Amino acid sequence: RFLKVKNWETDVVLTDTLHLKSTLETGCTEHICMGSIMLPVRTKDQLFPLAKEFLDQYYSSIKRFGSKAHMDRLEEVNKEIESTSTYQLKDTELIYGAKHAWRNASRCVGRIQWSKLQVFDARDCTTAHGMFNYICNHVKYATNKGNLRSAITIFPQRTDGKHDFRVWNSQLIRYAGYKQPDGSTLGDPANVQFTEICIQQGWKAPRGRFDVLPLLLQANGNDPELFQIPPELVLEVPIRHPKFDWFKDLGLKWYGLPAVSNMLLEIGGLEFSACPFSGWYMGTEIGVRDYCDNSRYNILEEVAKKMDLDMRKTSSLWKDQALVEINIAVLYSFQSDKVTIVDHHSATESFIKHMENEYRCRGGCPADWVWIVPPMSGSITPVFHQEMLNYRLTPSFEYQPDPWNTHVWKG
Amino acid sequence: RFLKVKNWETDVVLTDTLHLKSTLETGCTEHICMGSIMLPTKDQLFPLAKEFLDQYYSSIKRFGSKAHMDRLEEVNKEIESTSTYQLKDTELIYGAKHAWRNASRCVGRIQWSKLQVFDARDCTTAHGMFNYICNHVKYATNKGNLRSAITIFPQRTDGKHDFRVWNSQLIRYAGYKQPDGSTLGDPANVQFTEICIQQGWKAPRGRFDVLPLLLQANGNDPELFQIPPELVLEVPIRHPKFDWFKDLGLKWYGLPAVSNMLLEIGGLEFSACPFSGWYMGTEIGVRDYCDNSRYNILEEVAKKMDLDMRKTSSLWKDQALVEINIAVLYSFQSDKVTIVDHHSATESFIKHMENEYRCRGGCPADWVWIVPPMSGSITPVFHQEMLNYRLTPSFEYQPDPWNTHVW
Ligand code: HEM
Ligand code: HEM
Ligand SMILES: N=C(Nc1cccc(-c2cccc(NC(=N)c3cccs3)c2)c1)c1cccs1
Ligand SMILES: N=C(Nc1cccc(-c2cccc(NC(=N)c3cccs3)c2)c1)c1cccs1
Ligand SMILES: C[C@H](O)[C@H](O)[C@H]1CNc2nc(N)[nH]c(=O)c2N1
Ligand SMILES: C[C@H](O)[C@H](O)[C@H]1CNc2nc(N)[nH]c(=O)c2N1
Ligand SMILES: [Zn+2]
């Protein structure tokens with residue numbers, strides 16, 4: 299079966315056939331679309356089909372499908388599953404696996420960059436202290452003094468689900484949040500719950516607006532341990548505006564390295580429960596969501612006040628006006644300090660080109676419109692006008708429950 | 299079965315049971331989501358009639374009453390004989406209101422029950438249709454104080470005798486491709502603007518030339534009519550701060566009135582059913598003015614603003630876009646023409662969704678269409694999970710008449 303998507307601005311039509319190699323479910327049916335829903348151990352039994360399908364993809368990509376080397380690898384994985392109830396990926400398979408999970412990430416606008424991903428194999432790690440060391444090297448290599456490079460670090464896979472490696476942090480670098488007894492929050496409201504855990508585990512909190520959280524690291528199913536990232540490794544950017552001199556006096560800064568550490572990497576049925584990956588920021592992630600979400604730093608009010616906007620009625624578009632100024636500020640600050648960043652116009656245009664290229668080379672590009680369209684200025688970016696097909700391919704990144712909800716405390 | 303939707307900004311969770319009364323299909327399967335795609350007999354008829362009458366008598370608290378059964382019997386006999394049936398006035402009014410209530414792509418549904426229905430089922434000619442349309446326009450415009458309305462022409466019979474309004478909206482501006490090479494007026498209407506000329510319209514050849522109506526009664530060739538200009542309320546666009554703005558020479562019409570959709574009530578198809586309400590500001594300022602394939606004036610406005618257009622990262626398109634939208638809202642409001650801003654409308658829609666969850670057990674909603682085309686995440690709808698599904702009565706798309714009608 300063939301499927302077409304149309305671009306309503308340019309009238310380009312593309313044909314998707316890749317959706318035919320699609321495994322997992324969407325959440326939708328014939329009678330319901332769950333397109334806007336945010337969230338819609349294995350036996351040998353289910354493991355060998357997933358192993359084989361992965362190895363068939365792998366051996367196609369290297370043009371060795373059906374070769375002696377292909378068949379022996381199959382037989383060897385087969386034996387290893389039936390013998391040990393699991394198996395080990397080679398280096399090369401791991402690398403290809405990790406690239407493809409990224410390539411298959413339908414909610415990622417940054418995928419033009421998928422083939423350049425530094426993969427660090429941390430599958431020999433056994434302790435939290437080891438995890439800390441791998442992460443520090445990740446952060447240093449990725450940061451690269453402002454010239455950001457994509458990378459992922461991959462810790463040992465799940466086995467019985469009782470020995471999991473987890474990074475309790477949702478991102479490697481993120482600011483604390485402290486709910487005050489008057490109901491207001493100091494610092495980032497998103498991170499209040501995690502911050503408390505940290506305090507519980509023995510972190511002495513500076514209790515300021517921009518405190519980098521400590522790493523909370525679980526190895527081999529053990530209780531997690533606190534570690535401070537060395538501040539010399541945390542690249543940060545003070546926020547100023549190119550025309551508004553009072554902007555700096557708002558006291559804002561942000562970190563340069565976005566590094567997501569709570570997702571699950573699935574490759575050939577194996578589950579990598581700690582696989583922090585990092586790239587660089589699209590400006591609107593900071594200036595729209597991080598600063599302007601009502602449930603975040605929410606600075607729209609203060610910025611609007613200082614711009615002396617008419618705030619007495621929403622139809623003045625004072626929110627809209629302040630939001631753009633803040634986003635101009637974020638891009639200006641990052642560029643002036645030479646820290647890699649991409650604006651939403653440039654990021655969405657690159658993605659359109661990637662997507663077409665993917666239809667040509669691969670037969671499709673799965674994509675989630677709800678996520679790919681930027682949280683401001685939607686229709687003046689080319690993605691808004693692009694029809695997109697959403698389906699799940701493996702390898703992939705998946706959500707997993709928060710570890711504090713599932714962890715069995717050894718004490 | 300029972301499905302939850304969460305608002306991620308407020309944590310509010312709603313349970314949806316209304317989707318289990320879903321009748322039509324979405325485009326999606328277990329394996330592909332088509333959420334972003336723009337366009338995904351006597352036998353057929355009686356179930357359809359029954360399902361609709363069942364909901365009607367239920368809404369008026371008379372489900373399973375003599376009057377209910379008696380009507381079911383009546384429609385059955387008329388179907389058995391005539392191979393169609395006629396709706397009673399009360400059912401017609403109910404069908405139309407509910408078609409609006411069920412429009413998952415419509416952010417303005419808080420108002421769904423305040424809908425004026427004009428029964429035009431006794432119409433027989435394009436001249437008749439013209440008169441009904443002028444009355445609809447005048448009623449709805451109401452000197453700037455806009456009122457929702459729909460006018461319903463006769464239902465399809467054998468699909469040989471169709472009533473259609475060829476215009477996609479009652480009031481749109483003309484589009485002419487110029488010897489130079491580009492486009493004069495509205496590029497969306499270029500092809501239609503030429504079909505009107507190929508039919509005999511004498512175009513004033515300006516930018517904002519209100520198109521002539523092209524009306525088809527009973528499957529006949531369609532006919533041209535000019536809407537009396539005094540019926541077409543327009544707004545000169547100016548900025549509350551930038552005096553040069555008016556120099557661009559922009560105006561827009563006050564009355565949005567969609568005229569190409571098909572209204573489906575109890576299996577009956579009303580292929581001409583123009584309906585109108587009022588604008589959300591972003592429809593003109595973001596889409597009509599700034600879309601690349603529309604009036605595309607962003608570049609022009611940015612210039613007059615002396616913005617740095619050297620690099621996309623100055624967000625000059627974004628800055629301009631906001632001022633344009635401030636100007637639309639300001640002009641309409643100054644002139645006492647009804648308009649709603651995207652902040653207000655989305656807040657209203659959240660309020661509506663909540664009403665429908667408790668009073669009805671859900672509310673079909675298409676997130677891709679409900680989130681405004683600018684400032685998405687600063688409106689409450691952005692953080693709202695929505696379930697999308699198709700209930701009847703409904704509005705549907707239909708092929709463009711000119712690809713179907715035989716001359
Ligand atoms: C290289 C620079 C990159 C840019 C500018 C970029 C951009 C983005 C943006 C803007 C989002 C939406 C985020 C949100 O709203 O929370 C996203 C989502 C995603 N990205 Fe990329 N990305 C980049 C690199 C990567 C890399 C290296 C990976 C993994 C190797 C990745 C995997 C994903 C995944 C899994 C999601 C979805 C998260 C979720 O479902 O919650 N991204 N990316
Ligand atoms: C009262 C003021 C109203 C406002 C502010 C409003 C707002 C909107 C908006 C912004 C859209 C998306 C339009 C687009 O991007 O093209 C929309 C779509 C829709 N509206 Fe409402 N609306 C209103 C009244 C009505 C009425 C009276 C009806 C019918 C009785 C209706 C039925 C629909 C339908 C069927 C669609 C989408 C059609 C499609 O699937 O393409 N609306 N409306
Ligand atoms: N808030 C969520 N996700 C979330 C929260 C915070 C950050 C991110 C995220 C994910 C991937 C990429 C990005 N942004 C980036 N530019 C990168 C991070 C790592 C490499 S690129 C952010 C995603 C949720 C998902 C499902 C329910 S909530
Ligand atoms: N853009 C489309 N349709 C379209 C074009 C122009 C206008 C509208 C539309 C529909 C309903 C409401 C509105 N806006 C309004 N405020 C109203 C119109 C009538 C009552 S309210 C616009 C819809 C398409 C759908 C599928 C392919 S193109
Ligand atoms: C491809 C995509 O679905 C298309 O551009 C949609 C997106 N969302 C929209 N939303 C509204 N309200 N109106 C539209 O015309 C569109 N266009
Ligand atoms: C309910 C809805 O799916 C949710 O708020 C989504 C909408 N689109 C998004 N898009 C991106 N990139 N990131 C997000 O967190 C969200 N949130
Ligand atoms: Zn879907």
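Heads up: the protein sequence lines correspond to chains B and A, in order. Here the first sequence stands for residues 299 to 338, 348 to 718, numbered as in the entry's author numbering. Here the second sequence stands for residues 299 to 338, 350 to 716, numbered as in the entry's author numbering. No residue lacks a Cβ here, since even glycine has one placed at the ideal position from N, Cα and C.
1) Can you give me the Cβ contacts of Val-541 (chain A) inside the same chain, cut-off strictly under 7 Å, excluding the 5 residues immediately before and after it?
2) Counting only C-beta atoms, is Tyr-366 (chain B) closer than 8 Å to chain A at any point?
3) Cβ closer than 8 Å: which chain A residues qualify as neighbours of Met-683 (chain B)?
4) What did DSSP end up calling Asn-664 (chain B) once you bin it into helix, strand or coil?
5) Whole angstroms is fine: what's the gap from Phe-517 (chain A)'s alpha carbon to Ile-635 (chain A)'s?
6) Less than 8 Å separating the beta-carbons of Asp-471 (chain B) and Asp-428 (chain B)?
7) Span of the alpha helix (DSSP H) holding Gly-437 (chain A)?
8) Could you tell me how far apart the beta carbons of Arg-418 (chain A) and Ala-581 (chain A) are, in whole angstroms, since I believe they sit closer than 8 Å?
9) With three or more beta-carbon pairs closer than 8 Å as the criterion, would you say the segment 407-422 of chain A touches the segment 696-707 of chain A?
10) Counting along the chain, where does the alpha helix (DSSP H) carrying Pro-710 (chain B) start and finish?
11) Quick one: grab the DSSP three-state call for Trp-409 (chain A).
12) Please name the residue or residues paired with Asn-697 (chain B) in a DSSP beta bridge.
13) Consider the C-beta atom of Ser-686 (chain A) and the heavy atoms of ligand 5; say whether any pair is separated by less than 7 Å.
14) Could you tell me the alpha carbon to alpha carbon distance between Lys-486 (chain A) and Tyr-604 (chain A), rounded to whole angstroms?
15) Identify every run of the alpha helix (DSSP H) within the segment 598-646 of chain B, keeping only runs that are complete inside it and at least 4 residues long; order them along the chain.
16) For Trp-306 (chain B), which residues in chain A fall below 9 Å Cβ to Cβ?
17) Going by DSSP, what residues sit across from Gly-484 (chain A) in a beta bridge?
18) Measure from the C-beta of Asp-709 (chain A) to each C-beta in chain B and report whether the shortest distance is under 8 Å.
19) Anyone know if the C-beta pair for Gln-628 (chain B) and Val-631 (chain A) falls short of 8 Å?
20) Cα separation between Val-595 (chain A) and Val-637 (chain A)?
21) Which residues in the same chain have their Cβ closer than 8 Å to the Cβ of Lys-302 (chain B), if we skip the five residues on either side of it in sequence?
22) Verify the contact flag: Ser-477 (chain A), CB atom, against every heavy atom of ligand 4, threshold strictly below 7 Å.
23) Assuming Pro-545 (chain B) and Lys-560 (chain B) are in contact, meaning their beta carbons sit under 8 Å apart, how far apart are those beta carbons, in whole angstroms?
24) Can you check whether the C-beta of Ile-330 (chain A) is within less than 8 Å of a C-beta belonging to chain B?
25) Just by C-beta distance, which residues in the segment 691-709 of chain A are closer than 9 Å to chain B?
26) Helix, strand or coil, according to DSSP, for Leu-524 (chain B) in the structure here?
27) What do you get for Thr-321 (chain B), buried or exposed, if any count of 16 or more other CB atoms within 10 angstroms of its CB means buried?
28) Using Cβ-Cβ distances below 8 Å, what residues of the segment 486-505 of chain A are close to chain B?
29) Below 8 Å on the Cβ atoms is my contact criterion, and I expect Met-662 (chain B) with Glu-694 (chain A) to pass it. Report the Cβ-Cβ distance as a whole number of Å.
30) Among A:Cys-326, A:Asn-569, A:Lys-351, A:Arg-547, whose alpha-carbon lies nearest the alpha-carbon of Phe-501 (chain A)?
31) Use the C-beta contact count for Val-690 (chain A): other C-beta atoms within 10 angstroms, 16 or more gives buried, fewer gives exposed.
32) What does DSSP give as the partner residues of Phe-584 (chain A) in its beta bridges?
33) Quickly, what does DSSP pair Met-683 (chain B) with across the bridge? List them, please.
34) Give the DSSP-derived three-state secondary structure of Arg-473 (chain B) in the structure shown.
35) Closest to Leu-524 (chain A) by C-alpha separation, out of A:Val-680, A:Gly-453, A:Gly-437, A:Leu-557, would be which residue?
36) Does any residue of chain A have a CB that is nearer than 8 Å to the CB of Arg-547 (chain B)?
To lay it out plainly:
1) Closer than 7 Å at the Cβ level, and outside the excluded window around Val-541 (chain A), lie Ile-480, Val-519, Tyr-562.
2) No, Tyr-366 (chain B) lies away from the interface with chain A (no Cβ there is under 8 Å from its Cβ).
3) Within 8 Å Cβ-Cβ: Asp-627, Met-683, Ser-684, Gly-685, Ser-686, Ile-687.
4) Residue state, collapsed to three classes: helix.
5) Going from the Cα of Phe-517 (chain A) to the Cα of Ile-635 (chain A) covers about 21 Å.
6) No, they are not a contact pair.
7) Membership of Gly-437 (chain A) in the alpha helix (DSSP H) is indicated by the continuous run 435-450.
8) Between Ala-581 (chain A) and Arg-418 (chain A) the Cβ distance is about 22 Å, and since that is not below 8 Å, they are no contact.
9) At 8 Å Cβ cutoff, the stretches touch.
10) Looking at the DSSP string, the run of the alpha helix (DSSP H) that includes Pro-710 (chain B) is 710-713.
11) Reduced to three states, the DSSP call for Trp-409 (chain A) is helix.
12) According to DSSP, which records beta bridges pairwise, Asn-697 (chain B) is partnered with A:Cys-331.
13) Result no, Cβ not under 7 Å from ligand 5.
14) Whole-angstrom Cα-Cα distance: 13 Å.
15) Counting only unbroken stretches of 4 or more residues, the alpha helix (DSSP H) elements lying wholly within the segment 598-646 of chain B are 607-613, 625-643, in sequence order.
16) Going along chain A in sequence order, the residues near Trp-306 (chain B) (Cβ under 9 Å) are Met-336, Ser-602.
17) Answer by DSSP bridge pairing, in chain order: A:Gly-494.
18) No, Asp-709 (chain A) lies away from the interface with chain B (no Cβ there is under 8 Å from its Cβ).
19) For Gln-628 (chain B) and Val-631 (chain A), yes; Cβs fall inside 8 Å.
20) In a straight line, the C-alpha of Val-595 (chain A) is about 10 Å away from that of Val-637 (chain A).
21) Excluding residues up to 5 positions away in sequence, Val-311, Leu-312, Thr-313, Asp-314 lie with their Cβ nearer than 8 Å to the Cβ of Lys-302 (chain B) in the same chain.
22) For ligand 4, at least one heavy atom lies less than 7 Å from the Cβ of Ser-477 (chain A).
23) Rounded, the Cβ-Cβ distance is 5 Å, consistent with contact.
24) Yes - at least one Cβ of chain B is within 8 Å of the one on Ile-330 (chain A).
25) Listed by position, the residues of the segment 691-709 of chain A near chain B (Cβ gap below 9 Å) are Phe-691, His-692, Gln-693, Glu-694, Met-695, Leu-696, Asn-697, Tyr-698, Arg-699.
26) Reduced to three states, the DSSP call for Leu-524 (chain B) is strand.
27) By the C-beta density criterion, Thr-321 (chain B) is exposed, having fewer than 16 other C-beta atoms within 10 angstroms.
28) Residues of the segment 486-505 of chain A with a Cβ closer than 8 Å to any Cβ of chain B: none.
29) About 25 Å; that fails the 8 Å criterion.
30) Comparing Cα positions, the closest option is A:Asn-569.
31) Buried, because 16 or more other Cβ atoms sit within 10 Å of the Cβ of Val-690 (chain A).
32) Per DSSP, A:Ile-459, A:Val-567.
33) Checking the DSSP bridge columns, you'll see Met-683 (chain B) has no partner listed.
34) Looking at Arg-473 (chain B) - three-state DSSP - the assignment turns out to be strand.
35) Check the Cα spacing between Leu-524 (chain A) and each of A:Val-680, A:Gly-453, A:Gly-437, A:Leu-557: the tightest is with A:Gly-437.
36) Not a single CB atom of chain A sits nearer than 8 Å to the CB of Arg-547 (chain B).
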